[PDB]
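Colleague: how does the following fold in three dimensions:
(chains A, B, C, D, E, F, G, H, I, J, K, L and M, ligands or ions: 1)
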Amino acid sequence: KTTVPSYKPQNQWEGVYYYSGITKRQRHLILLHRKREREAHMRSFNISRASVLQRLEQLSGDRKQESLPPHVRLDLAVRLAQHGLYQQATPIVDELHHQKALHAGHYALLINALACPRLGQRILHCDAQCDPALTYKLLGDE
Amino acid sequence: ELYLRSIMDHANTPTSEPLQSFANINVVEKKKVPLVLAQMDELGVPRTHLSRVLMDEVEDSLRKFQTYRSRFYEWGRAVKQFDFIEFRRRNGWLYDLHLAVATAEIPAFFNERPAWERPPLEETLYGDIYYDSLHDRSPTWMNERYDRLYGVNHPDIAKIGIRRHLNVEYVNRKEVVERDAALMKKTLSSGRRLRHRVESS
Amino acid sequence: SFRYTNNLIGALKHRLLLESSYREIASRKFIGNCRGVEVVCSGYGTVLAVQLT
Amino acid sequence: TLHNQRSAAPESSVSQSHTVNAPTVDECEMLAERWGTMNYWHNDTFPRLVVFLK
Amino acid sequence: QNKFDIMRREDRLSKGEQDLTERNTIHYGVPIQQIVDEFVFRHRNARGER
Amino acid sequence: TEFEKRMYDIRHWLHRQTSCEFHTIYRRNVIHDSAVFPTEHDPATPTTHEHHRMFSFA
Amino acid sequence: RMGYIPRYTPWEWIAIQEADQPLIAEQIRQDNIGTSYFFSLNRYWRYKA
Amino acid sequence: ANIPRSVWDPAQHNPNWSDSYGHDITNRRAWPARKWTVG
Amino acid sequence: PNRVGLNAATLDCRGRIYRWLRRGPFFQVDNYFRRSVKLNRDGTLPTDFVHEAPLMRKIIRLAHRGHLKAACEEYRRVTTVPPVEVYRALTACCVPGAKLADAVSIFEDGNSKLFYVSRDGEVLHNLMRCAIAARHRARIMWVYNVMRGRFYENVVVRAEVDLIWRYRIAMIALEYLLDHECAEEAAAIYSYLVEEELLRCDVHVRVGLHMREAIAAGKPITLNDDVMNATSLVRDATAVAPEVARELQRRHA
Amino acid sequence: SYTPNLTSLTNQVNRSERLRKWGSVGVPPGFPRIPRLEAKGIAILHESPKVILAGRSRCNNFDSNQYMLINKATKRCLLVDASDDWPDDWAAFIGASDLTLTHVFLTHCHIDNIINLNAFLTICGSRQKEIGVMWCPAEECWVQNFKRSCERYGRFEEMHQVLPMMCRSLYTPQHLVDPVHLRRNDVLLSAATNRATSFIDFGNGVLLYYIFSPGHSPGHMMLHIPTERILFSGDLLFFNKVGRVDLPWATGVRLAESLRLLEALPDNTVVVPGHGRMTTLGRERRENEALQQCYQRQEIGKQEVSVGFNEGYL
Amino acid sequence: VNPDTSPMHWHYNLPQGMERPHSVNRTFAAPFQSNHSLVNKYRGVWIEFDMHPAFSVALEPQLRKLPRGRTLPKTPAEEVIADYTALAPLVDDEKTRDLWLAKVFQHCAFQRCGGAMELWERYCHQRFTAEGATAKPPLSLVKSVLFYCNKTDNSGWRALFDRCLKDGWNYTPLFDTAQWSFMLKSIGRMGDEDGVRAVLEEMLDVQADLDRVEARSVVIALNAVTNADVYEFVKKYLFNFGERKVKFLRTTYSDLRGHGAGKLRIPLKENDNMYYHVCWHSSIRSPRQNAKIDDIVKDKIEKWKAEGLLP
Amino acid sequence: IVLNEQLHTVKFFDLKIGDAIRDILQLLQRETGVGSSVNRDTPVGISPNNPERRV
Amino acid sequence: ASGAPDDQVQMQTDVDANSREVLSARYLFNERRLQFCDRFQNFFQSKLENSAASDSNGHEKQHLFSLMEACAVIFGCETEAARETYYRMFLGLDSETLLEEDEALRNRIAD
Ligand SMILES: [Zn+2]
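Modeller: Residues are numbered from 1 along each chain as shown, chains lettered A, B, ... in the order given. Here you go, the structure:
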């Protein structure tokens, strides 16, 4: 039962040979470029977050006894919640509410900024692989 | 983005084991990517406003299922196809996927005897309906030869033999059967002549 | 190959990041308010003060 | 081994445009703003024009 | 991989529905034409049943 | 266009030694731009048969 | 069974054959612009009409 | 989709579809001629 | 100059006769085109051809005079790659008639078949003007997508549009879309503008013109927030701001 | 030809030879079946008071001759080789002549001789209703390699057909079937062919003397008729040639000895080869240069003399 | 014998259905590989230009005389040199000044005017290459200066490349295949064997397209090899190229040594050792179409003396 | 259950011999030297996991 | 080859020359062996399918296929010598092998 290891009609059900697909090097270069873009987006988000936290600290150091107008505090709290620093913004919204400077539009503005749009953008471009469906899933853990 | 990502997810989904006998059937679903791209071009949605990952996958699908007329007119030259063959031989280990069993391993009936001796089984095999006019006399004379092997009914001609293969000749059936009939006529006549000579001698 | 070296690079990066985050948690201001009773505390857990706005 | 995919019966071949059902409260509410064929307004069983007048 | 997906899976199982992970592959089961032809073939025309 | 694709893809599994060709008759919108193709009064000096002579088309 | 040759090509075979080959770009046939009355027939000589 | 739902979906199965052997067996069926007394 | 001209072989050997019988549909034309026309070693186009130079000057003159049909007839005779000015003038004479079909045909003829000679900021600006005149929303987006381009054109071919031309094209497109209340498309173009950080480019251009005057004078040059705010545009917009805000208040009410 | 081992697959000279011998197609076209459109009829080559001979010349594409002896007294026919591509013509011939086919005398078991043995036996036995096979047991080597030659020459239909000589004859232990196949008539010839006893009695006092003549095949057997001066040599002595030696188990020296085994037969002995035209032993002695060399080397004193053809066997 | 397993026209009465589907293209995804080169490719050294629009439109009357994308004005390099010398100090933005200097370097390279290293020394040298300095020049300026040096071949390429290595600016992983080909061509013409070794090693480390380099440039860089150690380095390095790249290298070197010797600006020098070794390597890649011994010797000689065979 | 799994490997000894011999053949048909620069992902002369992977 | 008509059974083999995959490895059976295989498989399908989910096993699965065919070849034989030869080819365990093992065990019990 031993075998034998071998190897004008034309097969009409065999398709023509054509060049489909990429090279190993091209795939590696695609990976490299996507990784560089991911680094660029992470660097942008980190720089912006650091700048906003620096602004928060400078403003707090200035406001040890002086109270700033409500609008600058509203903007800073909105930016903090936008960058995901919600716990840093609870005091600002609490004092604005106690002072009764917030209104219908401002409350909705703060609750919307609380969804972390900038952090969501960073997650989308970096960790969610630009998947809008997975961005929501990845934002929920934070 | 969402629709194209759904297309890619469907294409990448593997299929049941029995249907995975030949290839990943769902890859065909990437062939609609150019269709959706043309629909976007007509709807005014720019394709540059797509994620880099989705664009990588879209370009993969395009290079898989798309060619232009200029490419097509040269698509099939012996030079390109033989380059494909030689490249497969040189590097199949880098790009070939191969580099279920009971489907190909199943006992099969075997015709032990030759074809002429045993007619092969596969060869032996080969008004308004709803409101029900039988034999309307269908005049076929108002509007407008076969040949057998000559040995169908003869006690001397063996019923079985290699001459049965002549039954599946079409282009020159008339001439081949005429020659066969002449040969059998001559052989029978010579055999009878020998019988008479042997008896008389 | 270089499995331990790569894993140690990753672990050191992780722990460096956590220590950096600790340096900010300790320095940060943590205020808890209930019915006007504002408790100001550090990242350690030390009650910096108990005031009432 | 029925399947793992979802199942849906074949989509009805009865022309929903030509078939007219019983009136619904919101349809009657919006009747002053709705359009319809003379068949719709003089349906043998659901005279939407009579409803609109009433 | 996602806590979101794990929570979805457990919630859907508690509600008593098909899990979205079971759909990660496509399984067209044996069609009724296949089953009926198999039955008639095994039963030799199913003369008793016709 | 999905049906056109699935129809064109038949030649790949067509039967043995059988060929196929496709005829498509589809409705298409054509504009008659009256600006590029206007209606004008017949010129003062009308064309004669000399302007439609042999090799006149060129 | 024996000598069974299918009378219809299975869907799996059809899908394989359809995936094995590409598409032709012009088959889509989109004409949202209009017809060029001045240049389409005076294009470059290499790809001229 | 690629494979139409009517093939695999049990809900869309055609009730009037018949098996692949009975019709051909019936066609191969040979009915003896109606034997009358005279004709 | 005196060496332009291509010689041809002969079909004497049986092997070459079989080659000729097996040649593809476009063999003489394709081989002649690729032998005559090629990119230069320095990357410059083969545009500069002495024999065809007066013909291309005639094309430019006819296109500027507005004889589009005569210009196309003359372009039909071109054997080499025409200069980018030819496409610029053709699209310029196409703009006034709003013949987007002819403009797009010209751009396509020059874009992929001739080394992207026609992929120019001014050519695409004229295409965008044609689309604006035609009020063709889909082609407005098509032109914007084309000027954005792909990897093949931006990196491999290195035929990309300049930042100023990108700004001008996107500005006119967004102006038309906002005037005609195309919310999604105006949003897409504005998203591209913010991605490109191209919002204050008009003020940057004005500052650049003033810097050019200062250079012609001999004066030093710098770019700063005070320089940007010293321009009439920003000061006047900020002065008009309160009126716009109260007008939005009225309209929202 | 031979199994494609790893060396046969990794050798470049094999591919060079494949390209050169058979052009751009690397496979040989083999020898196909002659179409019925171009088949001759059986001719009567000899009429004698005791026996007669009837044959066909170009039976195969191998150009092999088919012969049959008819005893004329016992009405017994005997095919020499099973080489005819169209055995049913012979079947009808014997049916019309009212003869009884008793034996098939395989001179040797090469493919050109054994290609149609099963078809001959089936057709002739069907008309009869057993038919024996007379062959030299030395050629089990060729019998068991019958498949290989069929695969090489493209005679696939006859490939999967067990030869009748392999079916447990009387010299082999018989089967022990469960209480819930034998060939009795076939005979095996011995290599010790004597001029006195080694023969078969065809009947009516005609004795067919078989002669062991190896060199072309290990178990080659000629047939001799020392009453009508007829010699069925077969792949041994042709009109102007001799058997080949380029084959497995083919030896030039033993071929030369087999040739020398013909030094005493009368000159007017007509030799009917297995291929080609009929010649006579005198002409072969007088005009055959292979035989002339076989004897000239012996004259000048070659101790181990070898002769044989290397280009084509008729 | 040992039996073999039996392996497997078409009549018109048969169904004429296709026996089996075939999927060759989906099983083997062959990358596009053509003998002809890309016709739309930019066969030149691209230097990215991202000048801020305000400064660009301020310097338009000066930059119009410089080479833009796929544009090479034939203005004399001296007028551009004067424009830069006069104006660059006037503007006070380091990045736009660096970009302008890089464009001037590219213009000088293409015009073969030489002496732009003088400008490098005047402005760029002190901040980056003069001594220990953390300032990192823009990659555009680095590319332009290396391209200018390679075209108007000068010895500063080694000093600048050394800083471009990893322990420094680490820009060498960002150079293109064309820039590598030009560097190798210039190094080969100037005849720096150790420089060729350094460039080849750094290229192999940065993973550039070894087989997409200009064949003439690789060939010149190889002919510029005479030292034994770098000769063995090349002997080992030749295996990195593709099997079809090595054959084209041999053909190009043979052609340049023979007929096409005139297509070079400077005649190629004779290295028959390189020619022989490259031919041997191409043929190889293509198809086929001791104290103890001294002790033994002295012992045997002593014995023979004993036998007297050696009087 | 145990016997069935054993008998399924027994009949494939010759086929695995053939598969091995065929694997040797495809080995001898691949490109000579080290992998060409185009079909290569990892860097040559360096482990792909080397911490000094990039320049 | 001599064998017996019902004893000698051959194997059909076919392997791809590019993907190096076995596209055919089967036995050439007669009607009796094929009918035995059909009885075996239909009897096991009537219960193994109902008892087994076949979530990953598959619907067309052949249960104990190797044992079934190795038993079918022997079932189709007509001679004890041939049946024992096929037994030995099947993991040994023929009459002589089992008797030799029994002999070894009986010699080891004495020790
Ligand atoms: Zn012979």
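
Colleague: against chain H, how distant is the residue of chain C found nearest chain F?
Modeller: Closest contact between chain C and chain F, by CB to the nearest CB, is at residue C:1 (47.2 Å). Yep, even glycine has a C-beta here, placed from its N, CA and C like the rest. Distance, residue C:1 to chain H, by CB to the nearest CB, to the nearest Å: 44 Å.

Colleague: please name the residues that touch that residue.
Modeller: Residues in contact with residue C:1 (CB atoms under 8 Å, 6 or more residues apart in numbering or on different chains) are L:47, L:49-50.

Colleague: rerun that using 7 Å as the cut-off
Modeller: Neighbour list for residue C:1: L:47, L:49 [criterion: CB atoms under 7 Å, 6 or more residues apart in numbering or on different chains].

Colleague: how far away is it from residue K:53?
Modeller: Residue C:1 sits 49 Å away from residue K:53, going by CB to CB, to the nearest Å.

Colleague: cool, and residue A:142?
Modeller: Taking CB to CB, one finds residue A:142 at 38 Å from residue K:53.

Colleague: tell me which of the two has more neighbours.
Modeller: Neighbours of residue A:142 and residue K:53, each counted by other CB atoms under 10 Å in any protein chain shown, are more numerous for residue K:53; the result is 20 against 10.

Colleague: write out the residues of chain G neighbouring chain K.
Modeller: Within chain G, the positions adjacent to chain K are G:5-7, G:9, G:13, G:16-17, G:19-20 by CB under 7 Å from any CB of the partner chain.

Colleague: pull out the buried members of these.
Modeller: Neighbour counting with 16 or more other CB atoms under 10 Å in any protein chain shown marks G:9, G:13, G:16-17, G:19-20 as buried within these.

Colleague: which of those residues lies closest to chain H?
Modeller: residue G:19 (9.1 Å).

Colleague: before we move on, what SS does the residue in chain L that chain E sits nearest to have?
Modeller: Nearest residue of chain L to chain E: residue L:4, at 23.5 Å (CB to the nearest CB). Using DSSP: H, G, I helix; E, B strand; the rest coil, the structure places residue L:4 in helix.

Colleague: surely residue B:107 meets residue M:26?
Modeller: Yes - counting by CB atoms under 7 Å, residue B:107 does reach residue M:26; the two are 5.3 Å apart.

Colleague: of those two, who's got more company?
Modeller: A side-by-side neighbour count of residue B:107 and residue M:26, using other CB under 10 Å, places residue B:107 first with 21 against 18.

Colleague: how close does that one sit to the ion?
Modeller: From residue B:107 across to the ion, the span is 38 Å (CB to the ion, to the nearest Å).

Colleague: now do residue E:5
Modeller: On the measure of CB to the ion, residue E:5 and the ion end up 78 Å apart.

Colleague: distance of the residue nearest to that residue when sequence neighbours are not counted from residue D:7?
Modeller: Leaving aside its chain neighbours, residue E:5 sits nearest to residue A:137 (7.0 Å; criterion: CB to CB, 6 or more residues apart in numbering or on different chains). Here the criterion is CB to CB. By it, residue A:137 lies 28 Å from residue D:7.

Colleague: neighbours around residue E:27, how many?
Modeller: Neighbours of residue E:27 (other CB under 10 Å): 19.

Colleague: can you check residue A:77 too?
Modeller: Counted with other CB under 10 Å, residue A:77 comes out at 27.

Colleague: doesn't residue A:91 make contact with it?
Modeller: No - using CB under 7 Å, residue A:77 is not in contact with residue A:91, being 8.6 Å away.

Colleague: check whether the helix of greatest length in chain L comes near chain A.
Modeller: In chain L, assigned by DSSP state H, the helix with the most residues is helix L:13-28. Yes - counting by CB under 7 Å from any CB, chain A has neighbours in helix L:13-28: L:14-15, L:18, L:21-22.

Colleague: near chain B at all, the longest strand seen in chain M?
Modeller: The longest strand of chain M (DSSP state E) is strand M:22-29. Yes - shown here: strand M:22-29 in contact with chain B (CB under 7 Å from any CB) through M:22-29.

Colleague: for chain A, what lies in contact range of chain E?
Modeller: So chain A meets chain E at A:137, A:140-141 (CB under 7 Å from any CB).

Colleague: show me what contacts residue L:14?
Modeller: Residues near residue L:14 by CB under 7 Å, 6+ apart: A:1-3.

Colleague: near chain G, from the residues you listed?
Modeller: Contacts with chain G are made by none of the contacts of residue L:14, judged by CB under 7 Å from any CB.

Colleague: filter the residues you listed to the buried ones?
Modeller: residue A:3.

Colleague: out of the contacts of residue L:14, flag the one nearest to chain E.
Modeller: residue A:1 (31.7 Å).

Colleague: what's the neighbour count on residue L:40?
Modeller: Residue L:40: 20 neighbours (other CB under 10 Å).

Colleague: and it, which helix or strand is it part of?
Modeller: Of the helices and strands defined by DSSP states H and E, none includes residue L:40.

Colleague: now do residue J:142
Modeller: Assigned by DSSP H and E, residue J:142 falls in helix J:140-144.

Colleague: report the buried residues of that helix.
Modeller: So, applying 16+ other CB under 10 Å, buried residues of helix J:140-144: J:140, J:142-144.

Colleague: and the residue nearest to residue E:5, that's in a helix?
Modeller: Yes - checked against three-state DSSP, residue A:137 lies within a helix.

Colleague: that one contacts residue E:2, correct?
Modeller: Yes - judged on CB under 7 Å, residue A:137 makes contact with residue E:2 at a distance of 4.9 Å.

Colleague: and residue J:54, how far is that from the ion?
Modeller: Distance of residue J:54 to the ion, computed by CB to the ion: 22 Å.

Colleague: now the biggest helix by length in chain B, how far from the chain's geometric center?
Modeller: Counting residues, the longest helix found in chain B (DSSP H) is helix B:173-200. The chain centre lies 42 Å from the centre of helix B:173-200; the measure is CA atoms, centre = their mean, to the nearest Å.

Colleague: do it and chain K meet at all?
Modeller: No - counting by CB under 7 Å from any CB, chain K is not contacted by helix B:173-200; separation bottoms out at 13.2 Å.

Colleague: what's that helix packed up against?
Modeller: Secondary-structure packing of helix B:173-200 (3 or more CB pairs under 7 Å, 6 or more residues apart in numbering or on different chains; DSSP states H and E): helix J:87-97.

Colleague: next secondary structure after the helix it packs on?
Modeller: Toward the C-terminus from helix J:87-97 - assigned by DSSP H and E - lies strand J:100-105.

Colleague: tell me, how many residues neighbour the closest residue to residue K:7 other than its chain neighbours?
Modeller: Distances taken as CB to CB, 6+ apart place residue M:14 nearest to residue K:7, at 5.2 Å, with adjacent residues excluded. By the criterion of other CB under 10 Å, residue M:14 has 15 neighbours.
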